[PDB]
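Let me begin by presenting the structure, written as structure tokens, before commenting on it.
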Amino acid sequence: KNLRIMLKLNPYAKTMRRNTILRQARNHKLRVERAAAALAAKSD
Amino acid sequence: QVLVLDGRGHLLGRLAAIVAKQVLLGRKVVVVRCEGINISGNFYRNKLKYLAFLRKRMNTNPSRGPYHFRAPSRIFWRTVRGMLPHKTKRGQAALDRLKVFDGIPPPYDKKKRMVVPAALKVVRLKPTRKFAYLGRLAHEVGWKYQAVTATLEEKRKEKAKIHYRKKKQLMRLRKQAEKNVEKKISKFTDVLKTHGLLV
Amino acid sequence: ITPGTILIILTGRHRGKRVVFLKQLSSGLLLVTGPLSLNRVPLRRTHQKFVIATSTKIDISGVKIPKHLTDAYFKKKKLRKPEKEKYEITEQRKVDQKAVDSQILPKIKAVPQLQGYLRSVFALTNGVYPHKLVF
Amino acid sequence: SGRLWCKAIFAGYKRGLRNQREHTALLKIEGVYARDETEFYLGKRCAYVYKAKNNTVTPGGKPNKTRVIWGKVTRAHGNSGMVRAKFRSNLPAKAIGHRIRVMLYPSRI
Amino acid sequence: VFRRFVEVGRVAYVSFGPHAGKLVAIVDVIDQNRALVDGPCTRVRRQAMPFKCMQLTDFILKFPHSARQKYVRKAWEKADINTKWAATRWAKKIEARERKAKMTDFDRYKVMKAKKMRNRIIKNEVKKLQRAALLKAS
Amino acid sequence: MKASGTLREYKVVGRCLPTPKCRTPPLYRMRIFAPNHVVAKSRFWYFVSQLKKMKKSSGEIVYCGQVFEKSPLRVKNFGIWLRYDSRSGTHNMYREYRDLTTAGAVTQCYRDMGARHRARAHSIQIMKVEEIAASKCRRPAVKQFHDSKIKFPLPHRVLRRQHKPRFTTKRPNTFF
RNA sequence: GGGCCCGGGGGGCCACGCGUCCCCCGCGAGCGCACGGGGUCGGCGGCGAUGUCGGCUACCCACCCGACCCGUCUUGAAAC
RNA sequence: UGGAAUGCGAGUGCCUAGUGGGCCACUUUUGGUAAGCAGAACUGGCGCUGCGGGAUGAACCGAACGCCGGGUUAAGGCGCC
RNA sequence: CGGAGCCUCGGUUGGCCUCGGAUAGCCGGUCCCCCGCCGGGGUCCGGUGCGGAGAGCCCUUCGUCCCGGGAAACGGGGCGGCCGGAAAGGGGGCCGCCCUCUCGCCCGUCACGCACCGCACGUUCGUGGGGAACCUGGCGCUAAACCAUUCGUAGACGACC
Ligand SMILES: [Mg+2]
Ligand SMILES: [Mg+2]
Ligand SMILES: [Mg+2]
Ligand SMILES: [Mg+2]
Ligand SMILES: [Mg+2]
Ligand SMILES: [Mg+2]
Ligand SMILES: [Mg+2]
Ligand SMILES: [Mg+2]
Ligand SMILES: [Mg+2]
Ligand SMILES: [Mg+2]
Ligand SMILES: [Mg+2]
Ligand SMILES: [Mg+2]
Ligand SMILES: [Mg+2]
Ligand SMILES: [Mg+2]
């Protein structure tokens, strides 16, 4: 639960969490663009 | 203030269970037409049940109890008492929040009656099951005012029929009036329909 | 709670009254106005936990709230007793009330039946349950 | 002017069948008959309000016979909408079956 | 005495469950309690549904029992069940039910004012119709 | 085994542990219906032990995986061959059900065996489950639904919202 | 797939001095924010001298839940 | 290469009270028609022990107890009491 | 029957003024047709996941000022008479009046009120129930019970005649 307590025990946890956040946000951005294109494709 | 219930077409124990919990939360309850209450099972096996109760008596002094009340109202009352902690002040206070009546005497004859769909016989019984009438059962264990209560209940229904016809009359005028003033109230009729009050 | 939102006050002498939310002060308390002429609620601070934010909103984006209307402006001044000491509405507050009201009031009257809505108090009645109804 | 509080009933204390925890009161709120509807009322103030013989000071007023025990809703109880409440003092057993005011604050809406 | 029958093609309103408020068509009957239903034009996948959570409407589409979703949709569109449903009083009463539920505090104020004035106008007219009826009695 | 919730159909493959006598013992497969895969493997060892000189200690599970219903959107008639112990004997039954999944039909068999014969799941052995054509069904309960123009009403619809409201002014209507 | 994710021809690295020999091919300074070795406010409001404020416990009363009379011998006592 | 796993600090000596009526249960078991009978084995109980559940109850089921707050459970339950 | 207050007791914090009932069936119009002392059946027409719906209905309270638009004009407020109610009986409606108002409702115009400087027991039912008293006016009443005595249809004594 406490972030800075984790980094005291496992500094690498900050890297993993930053990567997860950046990856998950990037994967979300693809699904919307994929979905948006499909919706636009259907309108055609 | 007061929750008035109509006992006709209610099963004895399901009505008592709901009524008992209600007066324990501090609500006043009136149950009218206790003779109209029902019990599941054929009449005969329910008559045998009350005759078995009737045999319970202090062998050394029957006057000391149990007291076998014969009125359908008192039978129901004792049944609600059996679902309350009546030997404590809290239960006795609740038991005083309940009134029980055979027929519908004033002032409840001219007040609207609520029902309990979780105790209605049409809901809780399979239609092919037999059932007893509390009034008939009470009449056949020593109740004396079955014929009078029916006589007075027929007078009430005749008066209630005239009241209903007056209300239907005042409703036919109400519908006509809405047509006459339709032009003047059209704007206010749009507000109500916009928000679901009128369909 | 966005500026222009109508809030229902829940405590104090102004409880039940519907007021217009102007801004959130630096202390975190909200600033609201009745306006005074509609429900006799002046420029007054209120705490957000003690208001219900309705869904009705007027657009007060063009209203210029005086900048001296701060937490220190609305902080109570102590009055001494030895009989009784009475609070007085400083002439500055009256001037500030008119300046802000003159901009909000015309925008309230733009919405039909809204000025009357702000005159009317909120109350629970028979069969009305807060968890069921939308504000 | 008008009512600003919801109507509740002091149904009883927290308990098993033969043990009673008087520090928690079970409240029944009018119109709340399922557990998913109790969410609005969690954390809201509750007041057992009563009258006594002797006068007592009234905040923002002059002494009168009204007294109040404050509390608040802490969590839901059961499936049918009962909530648990806690008061600054254990409620008196004479309050069972009587009105408990539930205020609309602390507002979360 | 019975007017609505559980049959192939009957359109049923779903009253409760994960699909409450939607229309489905009876595609097939599994047993006394369950039916195969389909909602191709109402966002319901083909699945089993009990009759308990179903309310039969008056529409009966014409497709063979257990026909695939292509033909259930085709019959749904030809009958225009979606627009016919919205024209029924049953659908309108549902719409009124939700309009009232979402009413805002300001909406409730405006209804009270409109209702206040509308009821006074009607009552005054009823009084006049009663008085007029009196003169005929005399 | 407790027939908890809706059963799943598992394909369990096992064999004797290889030994110098037989480096490649033959593979055995069973159809298992169980709540979870942990129960599924347990019942396998209970069945093969009754048919072979094998048990968990001298054998292993090679594959445990759920068999998915192949036509979950098509109504089928299932014949079930089972044996069970009553209070005073063992019996072989043949039973039929209509369902969309074969594991759903098997679950109905456990509830039905419990309802009509007070047979606990631990005393029931499902021997075989087949999909049966309408013309080969035997039980009239299943055959009455083999009607292309089947129709029927819903008489005497009981009020199930009996506590919402708990008190009302109008009495319920059961005809729709 | 594994080989500091081998060798050759848009995005993150707890790489980032250098003289080299060559495998291979020992102290920078400050400043600041904090999910950081257990709560603080550098935040506020009401009321008060003859009827009001606080007083666990204690005196009396009420209510809800609990609750059989002790000592003893006894396998076993509220014990007829 | 302290030569299987796992866990745990061990060894040793004086003085010593009460007890030396027991009883109960799963399983095994003798006599007896059987017994809330008499008599054994094993383990666990009650005795010495409250507490939740079995309405009530020495022994059943759960669980063992410093004085408290919050949370969650066991065995059992959730018409009303 | 028609003033200030003082004790004490509590709870409560809008009202629903009513067909009968059926549930494998219901509800409302429709008198054109048939019966009866305006009511019942038929026809016909509408509703029926009840909308002539308790998932409902009614009332809704910030107040006052000025002037407009809709709504009222058969209207709002106020002393005299006759039907009417008995299961545990109506401070309902109707007719007169001499009075008393053009305001009550809705949409606007126009300002004002302790705006008590964020905060609880607020807001009614409430001229609430019971108790002492104090007044201050009118119209009215002027008893019985028990003891004692007597009786003996009664009796242990009480009680009873
Ligand atoms: Mg007799
Ligand atoms: Mg009060
Ligand atoms: Mg007790
Ligand atoms: Mg002794
Ligand atoms: Mg002995
Ligand atoms: Mg003893
Ligand atoms: Mg004894
Ligand atoms: Mg023995
Ligand atoms: Mg001993
Ligand atoms: Mg021990
Ligand atoms: Mg123990
Ligand atoms: Mg027992
Ligand atoms: Mg605890
Ligand atoms: Mg129990």
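Residue numbering restarts at 1 in every chain; chains get A, B, ... in the order shown in the structure tokens, and ligands count up from 1 in that same order.
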
Within 12 Å of residue 26 in chain C using only C-alpha atoms (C1' of nucleotides), minus same-chain residues under 6 positions, as a ChimeraX atom specification: /C:45,67,69-74

Resulting file, chosen residues, C-alpha atoms, as an mmCIF file, in the first residue's frame:
data_model
loop_
_atom_site.group_PDB
_atom_site.id
_atom_site.type_symbol
_atom_site.label_atom_id
_atom_site.label_comp_id
_atom_site.auth_asym_id
_atom_site.auth_seq_id
_atom_site.Cartn_x
_atom_site.Cartn_y
_atom_site.Cartn_z
ATOM 1 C CA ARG C 45 -19.171 31.288 3.555
ATOM 2 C CA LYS C 67 -10.947 40.103 -5.131
ATOM 3 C CA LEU C 69 -13.715 38.816 -0.800
ATOM 4 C CA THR C 70 -11.343 36.444 0.966
ATOM 5 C CA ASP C 71 -11.283 34.323 4.103
ATOM 6 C CA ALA C 72 -10.096 37.321 6.122
ATOM 7 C CA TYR C 73 -13.024 39.295 4.726
ATOM 8 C CA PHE C 74 -15.578 36.862 6.171
#

Polymer residues at most 9 Å from residue 27 in chain I, only C-alpha atoms (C1' of nucleotides), same-chain spacing of 5 or more positions, as a PyMOL selection string: chain I and resi 47-48+50+52

Closest atom pairs, chain H residues within 12 Å of ligand 8, only C-alpha atoms (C1' of nucleotides) and all ligand atoms, as JSON lines:
{"residue": "H:22", "atom": "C1'", "partner": "ligand 8", "partner_atom_place_in_ligand_line": "1 (Mg)", "distance": 11.5}
{"residue": "H:23", "atom": "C1'", "partner": "ligand 8", "partner_atom_place_in_ligand_line": "1 (Mg)", "distance": 8.7}
{"residue": "H:24", "atom": "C1'", "partner": "ligand 8", "partner_atom_place_in_ligand_line": "1 (Mg)", "distance": 9.1}
{"residue": "H:25", "atom": "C1'", "partner": "ligand 8", "partner_atom_place_in_ligand_line": "1 (Mg)", "distance": 11.6}
{"residue": "H:35", "atom": "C1'", "partner": "ligand 8", "partner_atom_place_in_ligand_line": "1 (Mg)", "distance": 11.2}
{"residue": "H:36", "atom": "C1'", "partner": "ligand 8", "partner_atom_place_in_ligand_line": "1 (Mg)", "distance": 10.4}
{"residue": "H:37", "atom": "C1'", "partner": "ligand 8", "partner_atom_place_in_ligand_line": "1 (Mg)", "distance": 7.8}
{"residue": "H:38", "atom": "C1'", "partner": "ligand 8", "partner_atom_place_in_ligand_line": "1 (Mg)", "distance": 6.9}
{"residue": "H:39", "atom": "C1'", "partner": "ligand 8", "partner_atom_place_in_ligand_line": "1 (Mg)", "distance": 7.4}
{"residue": "H:40", "atom": "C1'", "partner": "ligand 8", "partner_atom_place_in_ligand_line": "1 (Mg)", "distance": 9.9}

Shell of 9 Å around range 71-82 of chain F, only C-alpha atoms (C1' of nucleotides), local chain residues under 4 positions omitted, as a ChimeraX atom specification: /E:28-30,36,46-48,66 /F:91-102,105-106,109,124-134,137,142

Within 12 Å of range 17-29 of chain A using only C-alpha atoms (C1' of nucleotides), minus same-chain residues under 4 positions, as a PDB file with N, CA, C and O atoms (P, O5', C5', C4', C3', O3' and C1' of nucleotides), in the first residue's frame:
ATOM      1  N   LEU A   3       3.955   3.339  -1.090  1.00  0.00           N
ATOM      2  CA  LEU A   3       4.899   3.255  -2.201  1.00  0.00           C
ATOM      3  C   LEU A   3       6.336   3.397  -1.726  1.00  0.00           C
ATOM      4  O   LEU A   3       7.198   2.585  -2.075  1.00  0.00           O
ATOM      5  N   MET A   6       7.824   0.425  -0.106  1.00  0.00           N
ATOM      6  CA  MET A   6       8.208  -0.600  -1.067  1.00  0.00           C
ATOM      7  C   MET A   6       9.586  -0.326  -1.645  1.00  0.00           C
ATOM      8  O   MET A   6      10.406  -1.241  -1.773  1.00  0.00           O
ATOM      9  N   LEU A   7       9.853   0.922  -2.026  1.00  0.00           N
ATOM     10  CA  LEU A   7      11.129   1.246  -2.649  1.00  0.00           C
ATOM     11  C   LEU A   7      12.280   1.068  -1.677  1.00  0.00           C
ATOM     12  O   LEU A   7      13.410   0.813  -2.098  1.00  0.00           O
ATOM     13  N   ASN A  10      12.591  -2.752  -2.042  1.00  0.00           N
ATOM     14  CA  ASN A  10      12.761  -3.252  -3.403  1.00  0.00           C
ATOM     15  C   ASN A  10      12.775  -2.060  -4.339  1.00  0.00           C
ATOM     16  O   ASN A  10      11.754  -1.703  -4.933  1.00  0.00           O
ATOM     17  N   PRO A  11      13.925  -1.406  -4.492  1.00  0.00           N
ATOM     18  CA  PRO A  11      13.955  -0.202  -5.333  1.00  0.00           C
ATOM     19  C   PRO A  11      13.484  -0.446  -6.747  1.00  0.00           C
ATOM     20  O   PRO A  11      12.948   0.470  -7.379  1.00  0.00           O
ATOM     21  N   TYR A  12      13.669  -1.655  -7.265  1.00  0.00           N
ATOM     22  CA  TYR A  12      13.269  -1.945  -8.631  1.00  0.00           C
ATOM     23  C   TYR A  12      11.768  -1.859  -8.817  1.00  0.00           C
ATOM     24  O   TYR A  12      11.300  -1.752  -9.952  1.00  0.00           O
ATOM     25  N   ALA A  13      11.002  -1.900  -7.732  1.00  0.00           N
ATOM     26  CA  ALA A  13       9.555  -1.832  -7.849  1.00  0.00           C
ATOM     27  C   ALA A  13       9.114  -0.552  -8.538  1.00  0.00           C
ATOM     28  O   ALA A  13       8.079  -0.535  -9.209  1.00  0.00           O
ATOM     29  N   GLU A  33      -8.094   3.912 -30.555  1.00  0.00           N
ATOM     30  CA  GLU A  33      -7.834   4.239 -31.953  1.00  0.00           C
ATOM     31  C   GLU A  33      -8.290   3.118 -32.872  1.00  0.00           C
ATOM     32  O   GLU A  33      -8.871   3.371 -33.932  1.00  0.00           O
ATOM     33  N   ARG A  34      -8.031   1.872 -32.487  1.00  0.00           N
ATOM     34  CA  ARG A  34      -8.587   0.748 -33.228  1.00  0.00           C
ATOM     35  C   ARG A  34     -10.106   0.830 -33.261  1.00  0.00           C
ATOM     36  O   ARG A  34     -10.723   0.747 -34.327  1.00  0.00           O
ATOM     37  N   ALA A  35     -10.726   1.015 -32.093  1.00  0.00           N
ATOM     38  CA  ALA A  35     -12.180   1.092 -32.031  1.00  0.00           C
ATOM     39  C   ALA A  35     -12.702   2.285 -32.815  1.00  0.00           C
ATOM     40  O   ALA A  35     -13.689   2.171 -33.550  1.00  0.00           O
ATOM     41  N   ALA A  36     -12.053   3.440 -32.676  1.00  0.00           N
ATOM     42  CA  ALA A  36     -12.507   4.623 -33.395  1.00  0.00           C
ATOM     43  C   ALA A  36     -12.454   4.399 -34.897  1.00  0.00           C
ATOM     44  O   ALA A  36     -13.370   4.799 -35.625  1.00  0.00           O
TER      45      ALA A  36
ATOM     46  P     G G  11       7.357   6.564 -29.443  1.00  0.00           P
ATOM     47  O5'   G G  11       8.419   5.795 -28.541  1.00  0.00           O
ATOM     48  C5'   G G  11       8.291   4.399 -28.291  1.00  0.00           C
ATOM     49  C4'   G G  11       9.187   3.956 -27.164  1.00  0.00           C
ATOM     50  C3'   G G  11       9.581   5.056 -26.180  1.00  0.00           C
ATOM     51  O3'   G G  11       9.695   4.508 -24.869  1.00  0.00           O
ATOM     52  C1'   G G  11      11.519   4.116 -27.114  1.00  0.00           C
ATOM     53  P     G G  12       9.944   5.463 -23.602  1.00  0.00           P
ATOM     54  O5'   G G  12      10.892   4.600 -22.665  1.00  0.00           O
ATOM     55  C5'   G G  12      10.494   3.310 -22.219  1.00  0.00           C
ATOM     56  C4'   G G  12      11.674   2.531 -21.710  1.00  0.00           C
ATOM     57  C3'   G G  12      12.450   3.242 -20.604  1.00  0.00           C
ATOM     58  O3'   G G  12      13.028   2.317 -19.689  1.00  0.00           O
ATOM     59  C1'   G G  12      13.840   2.967 -22.491  1.00  0.00           C
TER      60        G G  12
END

Show me which residues line ligand 3, defined as having an atom within 9 Å of a ligand atom where only C-alpha atoms (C1' of nucleotides) and all ligand atoms count, and present them as a PDB file with N, CA and C atoms (P, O5', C5', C4', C3', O3' and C1' of nucleotides), in the first residue's frame.
ATOM      1  N   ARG D  18     -27.951 -14.467  22.576  1.00  0.00           N
ATOM      2  CA  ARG D  18     -27.887 -14.372  24.031  1.00  0.00           C
ATOM      3  C   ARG D  18     -26.765 -13.474  24.528  1.00  0.00           C
TER       4      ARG D  18
ATOM      5  P     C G  65     -34.751  -8.366  26.538  1.00  0.00           P
ATOM      6  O5'   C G  65     -33.275  -8.952  26.626  1.00  0.00           O
ATOM      7  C5'   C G  65     -32.450  -9.023  25.476  1.00  0.00           C
ATOM      8  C4'   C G  65     -30.990  -9.163  25.830  1.00  0.00           C
ATOM      9  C3'   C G  65     -30.635 -10.267  26.809  1.00  0.00           C
ATOM     10  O3'   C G  65     -30.597 -11.560  26.245  1.00  0.00           O
ATOM     11  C1'   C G  65     -29.552  -8.294  27.458  1.00  0.00           C
ATOM     12  P     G G  66     -30.994 -12.818  27.151  1.00  0.00           P
ATOM     13  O5'   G G  66     -29.874 -12.846  28.278  1.00  0.00           O
ATOM     14  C5'   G G  66     -28.555 -13.285  27.996  1.00  0.00           C
ATOM     15  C4'   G G  66     -27.649 -13.133  29.191  1.00  0.00           C
ATOM     16  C3'   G G  66     -27.951 -14.014  30.392  1.00  0.00           C
ATOM     17  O3'   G G  66     -27.459 -15.331  30.250  1.00  0.00           O
ATOM     18  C1'   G G  66     -27.539 -11.805  31.111  1.00  0.00           C
ATOM     19  P     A G  67     -28.283 -16.586  30.809  1.00  0.00           P
ATOM     20  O5'   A G  67     -28.317 -16.369  32.380  1.00  0.00           O
ATOM     21  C5'   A G  67     -27.139 -16.491  33.160  1.00  0.00           C
ATOM     22  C4'   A G  67     -27.336 -15.954  34.552  1.00  0.00           C
ATOM     23  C3'   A G  67     -28.472 -16.568  35.341  1.00  0.00           C
ATOM     24  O3'   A G  67     -28.136 -17.813  35.910  1.00  0.00           O
ATOM     25  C1'   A G  67     -28.594 -14.235  35.518  1.00  0.00           C
TER      26        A G  67
END

Expected selection as number ranges by chain for ligand 11 within 12 Å, only C-alpha atoms (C1' of nucleotides) and all ligand atoms: H: 45-51, 58-59, 62-65

Requested write-out: C-alpha atoms (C1' of nucleotides) of the selected residues, as a PDB file, in the first residue's frame:
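Wrote selection07.pdb, looks like this:
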ATOM      1  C1'   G H  45     -12.536 -35.358  27.052  1.00  0.00           C
ATOM      2  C1'   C H  46     -15.437 -33.974  31.694  1.00  0.00           C
ATOM      3  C1'   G H  47     -13.407 -34.111  36.685  1.00  0.00           C
ATOM      4  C1'   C H  48     -10.202 -28.810  37.299  1.00  0.00           C
ATOM      5  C1'   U H  49     -13.388 -25.043  32.365  1.00  0.00           C
ATOM      6  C1'   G H  50     -15.482 -20.641  31.273  1.00  0.00           C
ATOM      7  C1'   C H  51     -17.185 -19.021  26.181  1.00  0.00           C
ATOM      8  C1'   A H  58     -20.855 -32.298  33.162  1.00  0.00           C
ATOM      9  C1'   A H  59     -18.974 -35.215  28.461  1.00  0.00           C
ATOM     10  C1'   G H  62     -16.939 -25.199  17.408  1.00  0.00           C
ATOM     11  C1'   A H  63     -13.365 -23.018  20.345  1.00  0.00           C
ATOM     12  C1'   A H  64     -10.348 -22.872  25.008  1.00  0.00           C
ATOM     13  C1'   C H  65     -10.298 -17.329  28.726  1.00  0.00           C
TER      14        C H  65
END

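The residues sitting within 10 Å of ligand 6, with only C-alpha atoms (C1' of nucleotides) and all ligand atoms considered, come out as residues 69, 70, 71, 72, 77, 78 and 79 of chain G.
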
Restricted to N, CA and C atoms (P, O5', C5', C4', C3', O3' and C1' of nucleotides), what would the selected residues look like written as a PDB file, in the first residue's frame?
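Saved file result.pdb follows:
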ATOM      1  P     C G  69     -30.956 -17.685  42.635  1.00  0.00           P
ATOM      2  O5'   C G  69     -30.013 -17.537  43.897  1.00  0.00           O
ATOM      3  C5'   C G  69     -30.068 -18.482  44.954  1.00  0.00           C
ATOM      4  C4'   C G  69     -28.746 -18.597  45.659  1.00  0.00           C
ATOM      5  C3'   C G  69     -27.636 -19.262  44.857  1.00  0.00           C
ATOM      6  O3'   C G  69     -26.385 -18.706  45.264  1.00  0.00           O
ATOM      7  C1'   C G  69     -28.044 -20.514  46.795  1.00  0.00           C
ATOM      8  P     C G  70     -25.103 -18.649  44.298  1.00  0.00           P
ATOM      9  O5'   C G  70     -23.890 -18.583  45.323  1.00  0.00           O
ATOM     10  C5'   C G  70     -23.299 -19.762  45.847  1.00  0.00           C
ATOM     11  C4'   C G  70     -23.100 -19.678  47.337  1.00  0.00           C
ATOM     12  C3'   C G  70     -22.142 -20.690  47.935  1.00  0.00           C
ATOM     13  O3'   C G  70     -20.791 -20.299  47.820  1.00  0.00           O
ATOM     14  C1'   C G  70     -24.115 -20.627  49.219  1.00  0.00           C
ATOM     15  P     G G  71     -19.681 -21.381  47.449  1.00  0.00           P
ATOM     16  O5'   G G  71     -19.518 -22.237  48.770  1.00  0.00           O
ATOM     17  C5'   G G  71     -18.790 -21.731  49.873  1.00  0.00           C
ATOM     18  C4'   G G  71     -18.839 -22.665  51.046  1.00  0.00           C
ATOM     19  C3'   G G  71     -18.471 -24.108  50.774  1.00  0.00           C
ATOM     20  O3'   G G  71     -17.081 -24.330  50.678  1.00  0.00           O
ATOM     21  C1'   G G  71     -20.443 -24.056  52.015  1.00  0.00           C
ATOM     22  P     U G  72     -16.545 -25.513  49.753  1.00  0.00           P
ATOM     23  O5'   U G  72     -17.166 -26.808  50.412  1.00  0.00           O
ATOM     24  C5'   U G  72     -16.851 -27.186  51.740  1.00  0.00           C
ATOM     25  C4'   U G  72     -17.554 -28.461  52.088  1.00  0.00           C
ATOM     26  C3'   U G  72     -17.252 -29.619  51.166  1.00  0.00           C
ATOM     27  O3'   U G  72     -16.063 -30.274  51.535  1.00  0.00           O
ATOM     28  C1'   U G  72     -19.583 -29.453  51.487  1.00  0.00           C
ATOM     29  P     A G  77     -21.488 -31.220  40.370  1.00  0.00           P
ATOM     30  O5'   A G  77     -22.895 -30.967  41.053  1.00  0.00           O
ATOM     31  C5'   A G  77     -23.982 -30.446  40.306  1.00  0.00           C
ATOM     32  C4'   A G  77     -24.990 -29.778  41.194  1.00  0.00           C
ATOM     33  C3'   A G  77     -24.439 -28.702  42.126  1.00  0.00           C
ATOM     34  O3'   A G  77     -25.332 -27.594  42.163  1.00  0.00           O
ATOM     35  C1'   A G  77     -25.607 -30.332  43.377  1.00  0.00           C
ATOM     36  P     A G  78     -25.013 -26.276  41.312  1.00  0.00           P
ATOM     37  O5'   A G  78     -26.391 -25.497  41.298  1.00  0.00           O
ATOM     38  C5'   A G  78     -26.606 -24.356  42.109  1.00  0.00           C
ATOM     39  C4'   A G  78     -27.997 -24.375  42.664  1.00  0.00           C
ATOM     40  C3'   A G  78     -28.370 -25.651  43.402  1.00  0.00           C
ATOM     41  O3'   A G  78     -27.956 -25.637  44.755  1.00  0.00           O
ATOM     42  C1'   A G  78     -30.041 -25.142  41.818  1.00  0.00           C
ATOM     43  P     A G  79     -27.998 -26.971  45.638  1.00  0.00           P
ATOM     44  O5'   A G  79     -29.529 -27.366  45.657  1.00  0.00           O
ATOM     45  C5'   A G  79     -29.956 -28.598  46.215  1.00  0.00           C
ATOM     46  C4'   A G  79     -31.276 -29.036  45.643  1.00  0.00           C
ATOM     47  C3'   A G  79     -31.630 -30.484  45.926  1.00  0.00           C
ATOM     48  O3'   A G  79     -33.046 -30.648  45.954  1.00  0.00           O
ATOM     49  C1'   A G  79     -31.331 -30.194  43.608  1.00  0.00           C
TER      50        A G  79
END

Distance filter 12 Å, only C-alpha atoms, chain C against chain D, as number ranges by chain: C: 1, 7-17, 47-55, 119-135

Residue contacts of residue 84 in chain I (12 Å, only C-alpha atoms (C1' of nucleotides)) excluding same-chain residues fewer than 2 positions away, as a count of residues only: 6
